[PDB]
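Novice: Just dropping this structure here.
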Amino acid sequence: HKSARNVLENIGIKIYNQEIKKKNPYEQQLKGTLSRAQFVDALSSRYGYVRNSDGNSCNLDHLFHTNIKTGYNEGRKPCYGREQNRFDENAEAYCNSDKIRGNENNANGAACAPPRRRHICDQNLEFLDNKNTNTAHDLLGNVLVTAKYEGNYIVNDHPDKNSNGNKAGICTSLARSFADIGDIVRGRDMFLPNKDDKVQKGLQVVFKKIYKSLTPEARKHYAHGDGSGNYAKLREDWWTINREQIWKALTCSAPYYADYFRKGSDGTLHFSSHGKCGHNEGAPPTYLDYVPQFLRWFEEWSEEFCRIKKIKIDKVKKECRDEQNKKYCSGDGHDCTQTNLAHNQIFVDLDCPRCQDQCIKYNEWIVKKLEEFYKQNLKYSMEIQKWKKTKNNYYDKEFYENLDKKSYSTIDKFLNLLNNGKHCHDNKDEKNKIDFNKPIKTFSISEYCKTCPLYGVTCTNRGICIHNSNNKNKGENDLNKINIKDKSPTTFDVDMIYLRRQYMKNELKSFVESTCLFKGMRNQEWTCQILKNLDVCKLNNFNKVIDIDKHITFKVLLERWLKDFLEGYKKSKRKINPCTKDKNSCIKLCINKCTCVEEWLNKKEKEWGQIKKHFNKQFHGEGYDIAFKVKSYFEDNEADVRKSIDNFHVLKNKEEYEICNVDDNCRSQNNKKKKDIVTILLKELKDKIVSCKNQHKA
Ligand SMILES: [Mg+2]
Ligand SMILES: [Mg+2]
């Protein structure tokens, strides 16, 4: 049981000491002399100068140690983009195919470019192809400016920045930037921000010139059997020589009390004594620049997930569970502390809606996070298999080999190290214990986002709230007693969207099936019945692991269904859109689309029939009918509603009356009751399928 960073470092040294075992004969041709660097910006060119640095990397200024001759950056800043807050809880990683090398749509496995990498300080490196950049020295000073300013940003933005304890976290983030800078220099970096590829294109042009500048012996050595230059080899070395200098400009801003720590294969403690992340100590305390990018990134992803999850949960606790301050709420937004409870009062607006707002958000993050953990898990397998399979060579092989030689042969053994990370391990509560080998619990929706205990809670002076049993029994029950038209139960099954199915798949398979329209559908068999003055719904097929609550109110259920309907309606309108396009364009694949929609459409039509069947078992007062409940919900949720529906405003004020059914509520003297938004939305969507069905027919 060791940390993933400690292990990846231990493997890294074995690679580093292998590089320095051999004494480079051409070392002096690749070692850069800072003082010797030549830079020319727009003003420098205007005024007719060539700026040089002094000895100190710590006295480097972007206004003079840059080649930036562009219009956009007149300030000549190394950080010029969305490089504002990388440690933000809402800062996103990138896992798609377009902006990553090796990540391709087809293969489900993908590496995740952390926010910190996405916004590195290399805008000055986009300027490397020019008449003044032709030496090992020039290049170093460019890497040196980048390292300084990037190292600055990390220190003046870090969460541990003001921390009372040890500032170890700052060094760790620098080590991450250092390694990423290295992979950039080397040509090894996988992030492709734009097809322009200016750092990499320029970085090529520099090394081509460095190569010609070399001696015949050195040129012959850094060459390919065909005579061509082994630019790859040239570049990995240039990094090994210069890396000490790159670590100085980086740690140039690091605080006195920040020290890079790491443990040995045995368990020996390695620390940077002098301080400032080992700034005045020479040789770097890190070997992370000798760890493949993917692993560094995965270890970063895990460590940031664990960190932000603590922030996210705390924001959820703030709106849903602060018993010390008489706070207790449902994820369906109801104050459980209340004497007279809003959760069984169907027409009543919701008290505590900030809780529901927090839960929806938290859930959406945890599922974004889950998708990333799935993608990376698959790539770790793709990479750990690749080493045994391929006979030929690539730079990473040697590392992945060693990893398999340690117990970390498979994903499960490695995910154990991810659990042991500084942030992931730090939990004195087994409620929020992180086990990446238990994706179910670790990617679960918070326990604070559960429905109110049906009877409510009564808070105490002691700083906690207690679950009351059969609370306020028959108190003001005389009023709703006459409003009970049917006390029999009503059973129906509902097709809830469970998108956590693409990932987790082996664990879910049994309970969640993928539909045509969704990569996950959860069939919930409900029994709704009026007991006392509260209509409770029981989940027949209840599974704690996958379903949140066993018992809910009918009001809670309706709104869940209504949330789900809109979502599904949106998805449907989306999948049917190319076929619906007015132009009489024949498409074969369109037939299977409309059939899919009809599959979901019909299910819901059948679903709602049963839900109205339960609604009508109670009287809420004339005009306080389901058509009005549907409007009330759609009004109070105008954001979501506008994203799903085409013209809500015309629908909201649409008066269509239908046959008055068996529905006890219909007390209208032979008059026909008005169609609800749900029924009109379905019956409208239907006509759209009927059109498509006959617009792609043989
Ligand atoms: Mg690609
Ligand atoms: Mg299926």
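Ordered as shown in the structure tokens, chains take letters A, B, and onward, while each chain numbers its residues from 1 and ligands are numbered from 1 in the order shown.
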Output as JSON, numbers by chain all residues of range 290-471 of chain A that backbone DSSP marks as alpha helix (DSSP H).

Specialist: {"A": [293, 294, 295, 296, 297, 298, 299, 300, 301, 302, 303, 304, 305, 306, 307, 308, 309, 310, 311, 312, 313, 314, 315, 316, 317, 318, 319, 320, 353, 354, 355, 356, 357, 358, 359, 360, 361, 362, 363, 364, 365, 366, 367, 368, 369, 370, 371, 372, 373, 374, 375, 376, 377, 378, 379, 380, 381, 382, 383, 384, 385, 386, 387, 388, 389, 397, 398, 399, 400, 401, 402, 403, 404, 405, 411, 412, 413, 414, 415, 416, 417, 418, 419, 422, 423, 424, 425, 439, 440, 441, 442]}

Novice: With the cut-off set at 8 Å and counting only C-alpha atoms and all ligand atoms, tabulate each residue of chain A with an atom at most that distance from an atom of ligand 2, showing the nearest atom pair and its distance in Å to one decimal, ordered by chain and increasing number, as JSON lines.

Specialist:
```
{"residue": "A:513", "atom": "CA", "partner": "ligand 2", "partner_atom_place_in_ligand_line": "1 (Mg)", "distance": 5.5}
{"residue": "A:514", "atom": "CA", "partner": "ligand 2", "partner_atom_place_in_ligand_line": "1 (Mg)", "distance": 4.3}
{"residue": "A:515", "atom": "CA", "partner": "ligand 2", "partner_atom_place_in_ligand_line": "1 (Mg)", "distance": 4.9}
{"residue": "A:516", "atom": "CA", "partner": "ligand 2", "partner_atom_place_in_ligand_line": "1 (Mg)", "distance": 6.6}
```

Novice: Just to be explicit: take each residue in the selection above, keep N, CA and C atoms, and write the result as a PDB file, in the first residue's frame.

Specialist:
```pdb
ATOM      1  N   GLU A 513     -30.782  -1.519 -18.123  1.00  0.00           N
ATOM      2  CA  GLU A 513     -30.617  -1.964 -19.491  1.00  0.00           C
ATOM      3  C   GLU A 513     -30.431  -0.756 -20.321  1.00  0.00           C
ATOM      4  N   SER A 514     -29.715  -0.886 -21.423  1.00  0.00           N
ATOM      5  CA  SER A 514     -29.553   0.235 -22.342  1.00  0.00           C
ATOM      6  C   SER A 514     -30.735   0.179 -23.260  1.00  0.00           C
ATOM      7  N   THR A 515     -31.337   1.312 -23.533  1.00  0.00           N
ATOM      8  CA  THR A 515     -32.411   1.372 -24.505  1.00  0.00           C
ATOM      9  C   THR A 515     -31.774   1.729 -25.857  1.00  0.00           C
ATOM     10  N   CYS A 516     -32.612   1.969 -26.840  1.00  0.00           N
ATOM     11  CA  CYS A 516     -32.194   2.380 -28.147  1.00  0.00           C
ATOM     12  C   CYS A 516     -31.734   3.833 -28.040  1.00  0.00           C
TER      13      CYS A 516
END
```

Novice: What lies within 10 Å of residue 69 in chain A using only C-alpha atoms, ignoring chain neighbours under 4 positions off, as a list in words?

Specialist: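 These residues fall inside the cut-off: residues 40, 41, 42, 43, 44, 45, 73, 74, 76, 124 and 127 of chain A.
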
Novice: Within 6 Å of ligand 1, which residues show up when you count only C-alpha atoms and all ligand atoms? List them as number ranges by chain, please.

Specialist: A: 97-98, 100-104

Novice: Suppose we keep N, CA and C atoms; can you now write the selection as a PDB file, in the first residue's frame?

Specialist:
```
ATOM      1  N   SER A  97     -10.797  13.372 -28.888  1.00  0.00           N
ATOM      2  CA  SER A  97      -9.848  12.994 -29.924  1.00  0.00           C
ATOM      3  C   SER A  97      -9.155  14.175 -30.607  1.00  0.00           C
ATOM      4  N   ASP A  98      -9.892  15.269 -30.857  1.00  0.00           N
ATOM      5  CA  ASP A  98      -9.379  16.422 -31.592  1.00  0.00           C
ATOM      6  C   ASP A  98      -8.169  17.139 -31.008  1.00  0.00           C
ATOM      7  N   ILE A 100      -6.021  15.908 -28.599  1.00  0.00           N
ATOM      8  CA  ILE A 100      -5.037  14.947 -28.071  1.00  0.00           C
ATOM      9  C   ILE A 100      -4.510  13.962 -29.138  1.00  0.00           C
ATOM     10  N   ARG A 101      -3.166  13.745 -29.136  1.00  0.00           N
ATOM     11  CA  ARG A 101      -2.421  12.797 -29.975  1.00  0.00           C
ATOM     12  C   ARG A 101      -2.561  11.427 -29.320  1.00  0.00           C
ATOM     13  N   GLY A 102      -3.013  10.447 -30.090  1.00  0.00           N
ATOM     14  CA  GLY A 102      -3.191   9.099 -29.564  1.00  0.00           C
ATOM     15  C   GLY A 102      -4.619   8.815 -29.156  1.00  0.00           C
ATOM     16  N   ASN A 103      -5.347   9.860 -28.724  1.00  0.00           N
ATOM     17  CA  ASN A 103      -6.757   9.740 -28.381  1.00  0.00           C
ATOM     18  C   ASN A 103      -7.493   9.847 -29.699  1.00  0.00           C
ATOM     19  N   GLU A 104      -8.133   8.745 -30.105  1.00  0.00           N
ATOM     20  CA  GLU A 104      -8.905   8.641 -31.338  1.00  0.00           C
ATOM     21  C   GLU A 104     -10.252   8.033 -30.988  1.00  0.00           C
TER      22      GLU A 104
END
```

Novice: When you look at residue 129 in chain A with a cut-off of 10 Å (counting only C-alpha atoms), what residues show up, excluding the ones that are within fewer than 6 positions of it in the same chain? I need them as a compact mmCIF listing (two decimals) with N, CA and C atoms, in the first residue's frame.

Specialist:
```txt
# COMPACT_ATOMS: atom_id res chain seq x y z
N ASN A 67 10.55 36.71 -28.18
CA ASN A 67 10.62 36.85 -29.64
C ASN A 67 9.25 37.22 -30.19
N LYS A 198 2.40 25.57 -33.45
CA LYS A 198 3.48 26.56 -33.43
C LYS A 198 4.65 26.29 -32.52
N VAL A 199 4.42 25.74 -31.30
CA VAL A 199 5.53 25.41 -30.39
C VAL A 199 6.31 24.29 -31.07
N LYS A 201 6.20 23.10 -34.21
CA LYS A 201 6.79 23.45 -35.51
C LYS A 201 8.09 24.23 -35.35
N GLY A 202 8.08 25.24 -34.48
CA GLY A 202 9.25 26.07 -34.19
C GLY A 202 10.37 25.30 -33.51
N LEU A 203 10.02 24.53 -32.47
CA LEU A 203 10.90 23.66 -31.69
C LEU A 203 11.65 22.68 -32.63
N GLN A 204 11.04 22.32 -33.78
CA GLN A 204 11.66 21.50 -34.82
C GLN A 204 12.76 22.32 -35.48
N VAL A 205 12.39 23.52 -35.99
CA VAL A 205 13.26 24.48 -36.70
C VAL A 205 14.54 24.84 -35.94
N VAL A 206 14.42 25.00 -34.60
CA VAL A 206 15.53 25.28 -33.67
C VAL A 206 16.50 24.09 -33.70
```

Novice: Skip range 332-334 of chain A itself and residues of its chain fewer than 2 positions away, then list as an mmCIF file with C-alpha atoms, in the first residue's frame all residues within 9 Å of it, counting only C-alpha atoms.

Specialist:
```cif
data_model
loop_
_atom_site.group_PDB
_atom_site.id
_atom_site.type_symbol
_atom_site.label_atom_id
_atom_site.label_comp_id
_atom_site.auth_asym_id
_atom_site.auth_seq_id
_atom_site.Cartn_x
_atom_site.Cartn_y
_atom_site.Cartn_z
ATOM 1 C CA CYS A 320 -28.599 20.160 2.388
ATOM 2 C CA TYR A 328 -31.754 19.554 6.757
ATOM 3 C CA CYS A 329 -33.080 19.231 3.187
ATOM 4 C CA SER A 330 -34.041 16.829 0.392
ATOM 5 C CA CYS A 336 -37.266 18.336 6.322
ATOM 6 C CA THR A 337 -37.116 20.460 9.547
ATOM 7 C CA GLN A 338 -40.620 21.898 8.816
ATOM 8 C CA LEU A 341 -44.182 19.374 5.308
ATOM 9 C CA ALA A 342 -44.233 20.737 1.732
ATOM 10 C CA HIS A 343 -43.184 17.351 0.152
ATOM 11 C CA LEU A 350 -40.554 24.157 -2.837
ATOM 12 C CA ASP A 351 -38.820 25.461 0.300
ATOM 13 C CA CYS A 352 -35.040 24.740 0.258
ATOM 14 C CA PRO A 353 -34.674 24.627 -3.651
ATOM 15 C CA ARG A 354 -30.909 25.493 -3.343
ATOM 16 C CA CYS A 355 -30.355 21.891 -2.101
ATOM 17 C CA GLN A 356 -31.903 20.372 -5.252
ATOM 18 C CA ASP A 357 -29.860 22.964 -7.313
ATOM 19 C CA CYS A 359 -27.497 18.026 -6.078
ATOM 20 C CA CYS A 449 -29.270 14.397 -1.728
ATOM 21 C CA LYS A 450 -31.824 11.841 -0.434
ATOM 22 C CA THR A 451 -35.589 12.646 -0.048
ATOM 23 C CA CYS A 452 -36.917 13.965 3.323
ATOM 24 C CA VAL A 556 -41.613 13.951 -5.429
ATOM 25 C CA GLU A 559 -41.547 15.997 -10.514
ATOM 26 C CA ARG A 560 -38.887 13.299 -11.043
#
```

Novice: Counting only C-alpha atoms, which residues in range 147-241 of chain A sit no more than 10 Å from range 294-297 of chain A? For each one, give the nearest pair of atoms and the distance in Å, sorted by chain then residue number, as CSV.

Specialist:
```
residue,atom,partner,partner_atom,distance
A:175,CA,A:296,CA,9.9
A:176,CA,A:296,CA,7.3
A:179,CA,A:296,CA,8.7
A:180,CA,A:296,CA,9.1
A:189,CA,A:294,CA,9.8
A:190,CA,A:294,CA,9.0
```

Novice: With N, CA, C and O atoms kept, could you save the residues just selected as a PDB file, in the first residue's frame?

Specialist:
```pdb
ATOM      1  N   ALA A 175       6.637  20.130 -10.297  1.00  0.00           N
ATOM      2  CA  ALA A 175       7.132  18.869 -10.836  1.00  0.00           C
ATOM      3  C   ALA A 175       6.268  18.471 -12.072  1.00  0.00           C
ATOM      4  O   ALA A 175       6.834  18.156 -13.125  1.00  0.00           O
ATOM      5  N   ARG A 176       4.917  18.600 -11.964  1.00  0.00           N
ATOM      6  CA  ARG A 176       3.955  18.322 -13.042  1.00  0.00           C
ATOM      7  C   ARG A 176       4.136  19.232 -14.270  1.00  0.00           C
ATOM      8  O   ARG A 176       4.026  18.768 -15.403  1.00  0.00           O
ATOM      9  N   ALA A 179       7.737  18.490 -15.939  1.00  0.00           N
ATOM     10  CA  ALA A 179       7.648  17.297 -16.741  1.00  0.00           C
ATOM     11  C   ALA A 179       6.905  17.583 -18.049  1.00  0.00           C
ATOM     12  O   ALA A 179       7.379  17.187 -19.124  1.00  0.00           O
ATOM     13  N   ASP A 180       5.801  18.341 -17.973  1.00  0.00           N
ATOM     14  CA  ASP A 180       5.021  18.676 -19.156  1.00  0.00           C
ATOM     15  C   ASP A 180       5.778  19.547 -20.120  1.00  0.00           C
ATOM     16  O   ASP A 180       5.651  19.318 -21.313  1.00  0.00           O
ATOM     17  N   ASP A 189       5.095  15.395 -25.770  1.00  0.00           N
ATOM     18  CA  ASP A 189       3.784  15.945 -25.365  1.00  0.00           C
ATOM     19  C   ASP A 189       2.672  15.574 -26.336  1.00  0.00           C
ATOM     20  O   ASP A 189       2.869  15.672 -27.551  1.00  0.00           O
ATOM     21  N   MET A 190       1.508  15.153 -25.797  1.00  0.00           N
ATOM     22  CA  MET A 190       0.374  14.711 -26.605  1.00  0.00           C
ATOM     23  C   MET A 190      -0.745  15.715 -26.883  1.00  0.00           C
ATOM     24  O   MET A 190      -1.547  15.482 -27.786  1.00  0.00           O
TER      25      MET A 190
END
```

Novice: Using only C-alpha atoms, which protein or nucleic acid residues come within 7 Å of residue 51 in chain A? Drop anything in the same chain fewer than 4 positions from it, and give the result as a ChimeraX atom specification.

Specialist: /A:38-40,64-65

Novice: Would you mind exporting N, CA, C and O atoms of the selected residues as an mmCIF file, in the first residue's frame?

Specialist:
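Final file, selection_15.cif:
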```
data_model
loop_
_atom_site.group_PDB
_atom_site.id
_atom_site.type_symbol
_atom_site.label_atom_id
_atom_site.label_comp_id
_atom_site.auth_asym_id
_atom_site.auth_seq_id
_atom_site.Cartn_x
_atom_site.Cartn_y
_atom_site.Cartn_z
ATOM 1 N N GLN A 38 19.969 35.033 -27.415
ATOM 2 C CA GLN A 38 19.565 36.204 -28.226
ATOM 3 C C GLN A 38 18.042 36.263 -28.434
ATOM 4 O O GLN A 38 17.452 35.295 -28.953
ATOM 5 N N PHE A 39 17.408 37.414 -28.049
ATOM 6 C CA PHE A 39 15.960 37.608 -28.202
ATOM 7 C C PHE A 39 15.678 38.911 -28.880
ATOM 8 O O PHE A 39 16.352 39.884 -28.586
ATOM 9 N N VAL A 40 14.628 38.957 -29.725
ATOM 10 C CA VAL A 40 14.160 40.157 -30.435
ATOM 11 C C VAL A 40 12.594 40.196 -30.477
ATOM 12 O O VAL A 40 11.981 39.424 -31.212
ATOM 13 N N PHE A 64 11.478 41.862 -22.507
ATOM 14 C CA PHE A 64 12.762 41.862 -23.187
ATOM 15 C C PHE A 64 13.366 40.452 -23.478
ATOM 16 O O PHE A 64 14.380 40.338 -24.169
ATOM 17 N N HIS A 65 12.778 39.392 -22.951
ATOM 18 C CA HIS A 65 13.353 38.061 -23.179
ATOM 19 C C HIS A 65 12.357 37.159 -23.890
ATOM 20 O O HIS A 65 12.022 36.041 -23.481
#
```

Novice: So which residues touch range 24-26 of chain A within 10 Å, counting only C-alpha atoms, skipping near sequence neighbours fewer than 3 positions away, as a short mmCIF file (atom, residue, chain, number, x, y, z; two decimals) with C-alpha atoms, in the first residue's frame?

Specialist:
```
data_model
loop_
_atom_site.label_atom_id
_atom_site.label_comp_id
_atom_site.auth_asym_id
_atom_site.auth_seq_id
_atom_site.Cartn_x
_atom_site.Cartn_y
_atom_site.Cartn_z
CA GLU A 19 20.58 8.04 -19.00
CA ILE A 20 23.40 9.44 -16.77
CA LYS A 21 25.21 6.02 -16.44
CA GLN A 29 27.55 21.11 -27.55
CA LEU A 30 24.01 20.70 -25.99
CA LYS A 31 24.50 22.51 -22.63
CA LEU A 214 27.14 20.27 -34.01
CA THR A 215 30.59 18.75 -34.84
CA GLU A 217 31.27 13.32 -34.67
CA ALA A 218 28.24 14.61 -32.74
CA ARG A 219 26.19 14.94 -36.04
CA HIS A 221 26.16 10.24 -33.46
CA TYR A 222 22.76 12.03 -33.29
CA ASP A 237 19.51 14.67 -24.41
CA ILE A 241 21.74 18.33 -19.72
#
```

Novice: Which residue gives the smallest distance to residue 196 in chain A among A:126, A:401, A:459, A:225, with only C-alpha atoms counted?

Specialist: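 Ranking A:126, A:401, A:459, A:225 by distance to residue 196 in chain A, first place goes to A:126.
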
Novice: Using only C-alpha atoms, which of the listed residues (A:90, A:123, A:488, A:302) sits closest to residue 435 in chain A?

Specialist: A:302

Novice: Run DSSP on the backbone of this structure and report the residues of range 537-633 of chain A it assigns to strand (DSSP E or B), as a VMD selection string.

Specialist: chain A and resid 537 to 539 551 to 553 618

Novice: Suppose we keep N, CA and C atoms; can you now write the selection as a PDB file, in the first residue's frame?

Specialist:
```
ATOM      1  N   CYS A 537     -45.050   6.567  -2.253  1.00  0.00           N
ATOM      2  CA  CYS A 537     -44.767   5.651  -3.331  1.00  0.00           C
ATOM      3  C   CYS A 537     -43.593   4.778  -2.930  1.00  0.00           C
ATOM      4  N   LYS A 538     -43.771   3.452  -3.048  1.00  0.00           N
ATOM      5  CA  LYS A 538     -42.739   2.484  -2.693  1.00  0.00           C
ATOM      6  C   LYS A 538     -42.145   1.939  -3.961  1.00  0.00           C
ATOM      7  N   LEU A 539     -40.818   1.796  -3.945  1.00  0.00           N
ATOM      8  CA  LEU A 539     -40.072   1.235  -5.054  1.00  0.00           C
ATOM      9  C   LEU A 539     -40.006  -0.262  -4.816  1.00  0.00           C
ATOM     10  N   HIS A 551     -38.754   4.821  -0.341  1.00  0.00           N
ATOM     11  CA  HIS A 551     -40.045   5.512  -0.259  1.00  0.00           C
ATOM     12  C   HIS A 551     -39.907   7.005  -0.584  1.00  0.00           C
ATOM     13  N   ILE A 552     -40.814   7.499  -1.445  1.00  0.00           N
ATOM     14  CA  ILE A 552     -40.920   8.903  -1.856  1.00  0.00           C
ATOM     15  C   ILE A 552     -42.397   9.348  -1.786  1.00  0.00           C
ATOM     16  N   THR A 553     -42.690  10.644  -1.908  1.00  0.00           N
ATOM     17  CA  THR A 553     -44.091  11.100  -1.902  1.00  0.00           C
ATOM     18  C   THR A 553     -44.569  11.076  -3.351  1.00  0.00           C
ATOM     19  N   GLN A 618     -57.117  11.774  -5.669  1.00  0.00           N
ATOM     20  CA  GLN A 618     -57.216  12.867  -4.706  1.00  0.00           C
ATOM     21  C   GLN A 618     -57.814  14.107  -5.365  1.00  0.00           C
TER      22      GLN A 618
END
```

Novice: Kindly indicate which residue among A:501, A:224, A:186, A:375 lies nearest to residue 520 in chain A, using only C-alpha atoms for the distances.

Specialist: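 Ranking A:501, A:224, A:186, A:375 by distance to residue 520 in chain A, first place goes to A:501.
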
Novice: With a cut-off of 12 Å, could you pull out the residues of range 282-390 of chain A touching range 258-275 of chain A and give me the nearest pair of atoms for each, distance in Å to one decimal, using only C-alpha atoms, ordered by chain and ascending number, as CSV?

Specialist:
```
residue,atom,partner,partner_atom,distance
A:282,CA,A:272,CA,10.4
A:283,CA,A:272,CA,10.2
A:284,CA,A:272,CA,9.1
A:285,CA,A:260,CA,6.3
A:286,CA,A:260,CA,7.5
A:287,CA,A:262,CA,10.3
A:288,CA,A:262,CA,11.1
```

Novice: Given the choices A:577, A:444, A:84, A:363, which gets closest to residue 118 in chain A if the distance is worked out from only C-alpha atoms?

Specialist: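 That would be A:84, the residue with the smallest distance to residue 118 in chain A.
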
Novice: Would you please work out which residue, of A:670, A:156, A:33, A:490, is nearest to residue 85 in chain A when using only C-alpha atoms?

Specialist: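 Ranking A:670, A:156, A:33, A:490 by distance to residue 85 in chain A, first place goes to A:156.
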
Novice: To one decimal in Å, tell me the separation between CA of residue 392 in chain A and CA of residue 412 in chain A.

Specialist: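 Interatomic distance here is 27.1 Å.
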